[PDB]
Structures are given as structure tokens and as C-alpha cells.
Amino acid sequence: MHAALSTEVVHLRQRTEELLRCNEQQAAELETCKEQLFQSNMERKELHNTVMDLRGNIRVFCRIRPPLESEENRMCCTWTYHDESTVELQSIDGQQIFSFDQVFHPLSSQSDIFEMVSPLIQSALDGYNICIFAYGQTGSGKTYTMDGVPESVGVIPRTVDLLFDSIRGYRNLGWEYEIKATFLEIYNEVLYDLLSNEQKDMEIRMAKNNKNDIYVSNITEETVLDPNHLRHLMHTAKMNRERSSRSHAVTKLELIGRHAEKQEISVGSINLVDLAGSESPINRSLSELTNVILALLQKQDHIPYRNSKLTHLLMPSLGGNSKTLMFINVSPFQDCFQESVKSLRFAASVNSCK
């Protein structure tokens, strides 16, 4: 029937028009709602950075680890908690008393450490560069603090979990993030790619599009596909890892946020560093690191970032906007007393610079 179809047409043209009109309203609500979300996040980002700056752009923390079941009779020096931020030790045989942004004691969980770190993962997604360092003599807690242990995982694994949850969320704002992972060791001034097997030679060079950012030649830079992929690379890296005690390990995650609708990008790094041991027998990098950090604090003209591989590697995450956490790991025992004191005296130098 022709009248049937003539009717269906006339009816579809009515419908088609009410939809076309409705879709134009939705679109126009979307456009402004899209605009107010972008701006609101811009504002949330700035309020966040301000809270980080008020707490301090570089912050030092202490963590005395528990004793080991193994040696239930290494004598521990006398530890005394003057407050939540101040700590003192005495040898068994002046006063050794040190202030920090926070002191973590032997029953502080991994979770508790991460609480100091998780806010900075956001700073990295907002486009800032972050350094988390673990410092102190061998035995003192560094590896346990950064990598940790399957039963109680450390900073790095927690960072990854938060990174994927956070990235999932960001899609709802139009941001498509991409992580670039790299793992490397540093020994006697030479870099080693822990994702490679071939022995190759890698130098640190100025970037393509920013003379202040850094570029490492001939390193494996993996674009993470999902957590499973990262999990694999993590595992792999641990595999290729008294040399280990004198090697610095740097895990780096470069967050690369593209917002196509607005054509803005947001790139921030995370630099997770299991430093080498602070014990007197590193000769170059570890000493230069400590100078570089202290110089930052004193607001000095020029800074010898290029006097060492490590300070060169981390240069774009040490000046200016970057934020920096430093976890001083310490062993409670008496035979570590003098070395523990050396460790803690960097805390003294740090806040000696105000």
C-alpha cells in the first residue's frame, strides 16, 4: 500500500525532527558541562599544588625498621620519640637528636609510608615531576621501603595501582594517559638497562623539544599496555637486578596525558630511587646528590647536576616545580650507631637550610 508508506514517511519526518532538535540541546548542555569540568579541574589542580607547597616541595622522613627474628639479640641503641617529628638515639657504652617532616617507627606499615606519597602521584598526573628516594646504610630498609615484599608491598607497587585507577578515572575528563616505563641501575658511574640483556652504552642528553628535559640513548622504553604488561616488566627488572649494595636503582614512569578536544598535554614523571648504601667503605653520585639537594634548599645560582650520572639523570625532577620525598632508612642496632648517625645528619643539613 502506498498510503501506508506515505504515512510512515510523514511520521518518520516528524520524529526525525524532534530528535534532531533534542540532540542539539544535549550537545549544547554537553558543551558547557564539558567547559566547566575542564575549568574546575584546572582549579582543583592549582589548589592541589598549593597544598603540596605548603607542606614543602622537598620533605624528609625517617624510618627505623623493626628488628629481625633472625638476630633477636643484636642490641638496639636507645630510641626516644620526643615528638611525631623529632627523634633521638643514644649508644650503649652530647645528644643525637633530629627533626623530620615525619618519623616512622618499627610498627609503621607500608600503607603508612604510601600515605606520604599518594598525593604526589596526582601531582605527576597534573604534569609535575616527582622524586621518591630511599637513603641509608645497607640493612637499613631501603629496598624493603621501595619494592618491599609480596606479603607487604612497598611504594612502587602501590604507585602503580594508584596510577591505573587514576588513569581510568581521567578518561571521564577527556584525558588519555600513556605511561612510559624505564628501569635502570647505576654502578661506578655507568648506566645499565634492567629490561635489556645486551650490553650497550647509554648517555644522558638534552631532549628534542625541551633543553631542560632529559633523554637517554639506547634504553628500553616500554609503553605500558595494561597492569599485566607492567607487572611483567616489573618482574623482569627485579630479575636482572656486594655490588647491589653499591648500585643505585632508578625506576621511572613518565605520565603523558593528551586531551585531544582541547589540545592540551600534561606530562609529569615519577622517579622512584632505591639509592645505594650510605656507608663509608656512591663515591661520586651519592655525594653529588646530597650536595644538589642542599643547594636547591639554599636557592643557589648554579647547580652541578652534571657532576654525576644520577644528578644528571634526575635533573628535570629536582629544580623548580618538582617535588621530592626522601626516606631515610635506619637500623635500630648498636653496631650501626655511628653510621645511623651519619644518615640522620643529612636531616640536620636539610633543615639547617632555613
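Start at 1 with the first residue shown and count on from there.
According to the entry, the deposited sequence places 4 to 9 unmodelled residues between residue 93 and residue 94.
The entry shows a gap from residue 241 to residue 242, with 4 to 9 unmodelled residues of the deposited sequence in between. Relative to one another, 63-71 and 39-47 have unequal mean CA B-factors, and 63-71 is the one with the higher figure.
Legend: mean Cα B-factor per stretch from the PDB entry, 76-84 versus 249-257; the higher mean is in 76-84. Within the group 132, 121, 179, 237, the record's highest C-alpha temperature factor is found at 237.
Among 188, 138, 102, 110, the highest C-alpha B-factor in the deposited entry belongs to 188.
Among all modelled residues in its chain, residue 213 ranks in the lowest third by Cα B-factor. In this PDB entry, residue 145 carries a Cα temperature factor that places it within the middle third of its chain's modelled residues. In the PDB entry, residue 312 places in the middle third of its chain by CA B-factor.
Ranked by Cα temperature factor within the chain, residue 27 sits in the highest third according to the deposited record.
Residue 230: CA B factor in the middle third of modelled residues in this chain (values from the PDB entry).
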